[PDB]
Amino acid sequence: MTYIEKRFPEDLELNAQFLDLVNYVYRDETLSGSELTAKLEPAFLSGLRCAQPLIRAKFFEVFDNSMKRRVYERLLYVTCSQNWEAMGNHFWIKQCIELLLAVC
Amino acid sequence: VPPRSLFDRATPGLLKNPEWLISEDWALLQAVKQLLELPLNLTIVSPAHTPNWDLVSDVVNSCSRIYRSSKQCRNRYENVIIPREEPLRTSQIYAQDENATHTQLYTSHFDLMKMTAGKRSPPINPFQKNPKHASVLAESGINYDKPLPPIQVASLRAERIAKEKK
Amino acid sequence: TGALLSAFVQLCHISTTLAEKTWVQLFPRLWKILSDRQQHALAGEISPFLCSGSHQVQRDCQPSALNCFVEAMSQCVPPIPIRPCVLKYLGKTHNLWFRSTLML
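Residues numbered from 1 in each chain as written, not as in the entry; some residues may be left out. Chains lettered and ligands numbered in written order. Part of a larger assembly, values for the part shown. Heavy atoms only, no water.

Method of determination for the deposited model, per the PDB record: cryo-EM, at 3.2 Å resolution.

What follows is the structure, encoded as structure tokens:
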């Protein structure tokens, strides 16, 4: 998560592979591993803001199901429980638009 | 640590250099208290409300004394406050101990220095028509005692221009 | 309607401009439908989120997220509670000079 994206930003192949790896880690075997997700928050955020549409879609489909489909709950989440520091000079409010329009 | 996870949907709170002056110190303490977080651990539930040290810095350096609010001091003096807050409390030393006498004495010293600087600052019919200013003109070839009317001066200028043209 | 919102979001993704405006114009619409009980808590917890500590990497972002968020919050009808100190801080740090002055 720390170095692969810093030293190889142009080679989108290995980046997409690592993002698929972390997406599988988050999707499958959740009942077994839930502490590993704490440190990999920057990886998840980066995969969510990536420029590839398929990766963004497969990341948002797992980011949305983790919360109740209620506008107030999602608003409270994005306002007090979600830390956007790991995003990095990103216009993360478009992810808020995603979350607020997907629950409709 | 508890079974926490930054990815989980945990949504809490749905219904819940010169010396430092005690005045600016209490101001810093209040600014940290107004960040909606406790000093026991400066990342409370709703972790998105991380400590805004730059905000409290901006709120503090608006006090009496000089800016004195770099990246370091803001953390250092808060870490100094924590021990003596967990003796008199900062709020007590503010309400007590001649509440407004410290800053007022500081400002009185400033004004006294101002007045001293402004005071020591520095404060900051012999008619003589000498013949030199008239002798230079006489050498130039023009009479000063007899004022030549502007019409004759214009005629002389025209004659000079004519001479130049020829 | 599901075909419209997905494409709307995918379009807002690529364009930072004319997507900031979507948030500015949609957030108050959400505020309108939130009941008093939800609005009170949301407005009381937004200020900690307006500060949100280390959410300052946007300080150099041209369309800083805090700019759009506070614009949307101020464009609501009932948003009374907002601290003037935080307003001045946002105006100075982020590109909220004239908006902050108007609000103050």
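1. Regarding the packing of helix α1 (residues 22-33) of chain B against helix α2 (residues 53-60) of chain B
Residues and elements named next belong to chain B. Following both chains from N to C, one finds α1 and α2 inclined at 145°, their axes separated by 9 Å at the closest point. Crossing of α1 against α2: the hand is right-handed. Here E24, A27, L28, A31 and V32 of α1 come into contact with α2, specifically with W53, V56, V59 and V60. In terms of residue class, the contact of α1 with α2 is made up of 8 nonpolar, no polar and 1 charged. (Axes fitted to C-alpha atoms, helices over the stretch in contact; angles between N-to-C directions. Helix = DSSP H or I, 4+ residues; strand = E, 2+ residues; numbered from the N terminus. Left-handed = near helix turned anticlockwise from the far one by under 90°. Contact = heavy atoms within 4.5 Å. Nonpolar A, V, L, I, M, F, W, Y, C, P; charged D, E, K, R; others polar.)

2. A few points about the nonpolar core
Judged by nonpolar contacts, the single largest core of 62 residues is most densely connected at A:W92, C:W23, C:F27 and C:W31. The residues contacting C:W23, other than those within four sequence positions of it, are A:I93, A:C96, A:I97, C:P28, C:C68, C:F69 and C:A72. In this structure, B:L29, B:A31, B:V32 and B:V60 belong to the second largest nonpolar core, which totals 10 residues. (Core = buried A, V, L, I, M, F, W, Y, C linked by side-chain atoms within 4.5 Å. Buried < 20%, exposed > 50% of the residue type's maximum accessible area, 1.4 Å probe, protein only.)

3. Let's talk about helix α2 (residues 20-33) of chain C
Helix length check: α2(C), at 14 residues, gives a terminal C-alpha distance of 21 Å against a target of 20 Å (1.5 Å per residue), a fit within 8%. Residues of α2(C) that are buried: C:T22, C:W23, C:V24, C:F27, C:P28, C:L30 and C:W31. Where α2(C) is buried, its residues contact α6 (71-81) and α7 (93-102) of chain A together with α1 (2-14), α3 (36-51) and α4 (65-74) of chain C. (Expected span 1.5 Å × (residues − 1).)

4. Section: the interface of chain A and chain C
Interfaces are often sized by the accessible area lost when the parts come together. Contact with chain A, which involves 26 residues of that partner, is made by 28 residues of chain C. For the pairing of chain A and chain C, the buried interface totals around 2500 Å² over both sides, and the portion due to carbon and sulfur atoms is 75%. Linking chain A with chain C are 0 salt bridges. Broken down by secondary-structure element, the contributors of at least two residues to the side of chain A that touches chain C are α6 and α7 of chain A. No other element matches α7(A), which puts 8 residues into the side of chain A that touches chain C. Along the lines of polarity and charge, the residues of the side of chain A that touches chain C split into 15 nonpolar, 7 polar and 4 charged. (Buried area = accessible area lost by both parts, 1.4 Å probe. Salt bridge = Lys/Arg side-chain N within 4 Å of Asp/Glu carboxyl O.)

5. Topic: the side chain of C:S52
Its location among the elements puts C:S52 in the loop between α3 and α4. Ignoring sequence-local partners within four residues, the contact set of C:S52 consists of B:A48, B:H49 and B:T50.

6. A word on the state of the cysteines
For the coordinates displayed, the defined rule picks out 0 disulfides over all chains. We note that A:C104 lacks a disulfide partner, and the nearest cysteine sulfur, in C:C12, lies 13 Å from it. For A:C104, a relative accessible area of 71% gives the class exposed. Looking at C:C85, it has no disulfide partner, and the nearest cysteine sulfur is the one in C:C51, 9.9 Å off. Overall, C:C85 belongs to the partly exposed group, its relative accessible area being 32%. (Disulfide = S-S within 2.5 Å.)

7. Thoughts on a nonpolar patch on the surface
Judged by side-chain polarity, B:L148, B:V153 and B:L156 come together as a nonpolar surface patch covering roughly 240 Å² of accessible area. You can call B:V153 partly exposed: its relative accessible area is 41%. (Patch = residues over 30% accessible without salt bridge, like charges linked within 9 Å, V, L, I, M, F, W, Y side chains within 5 Å. Areas by Shrake-Rupley, 256 points an atom, 1.4 Å probe, with all protein chains shown as cover.)

8. Things to note about the environment of A:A51
Relative to the elements of secondary structure, A:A51 occurs in the loop between α4 (41-49) and α5 (53-65). Considering only alpha carbons, one finds A:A51 and A:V71, 20 residues apart in sequence, at a separation of 27 Å.

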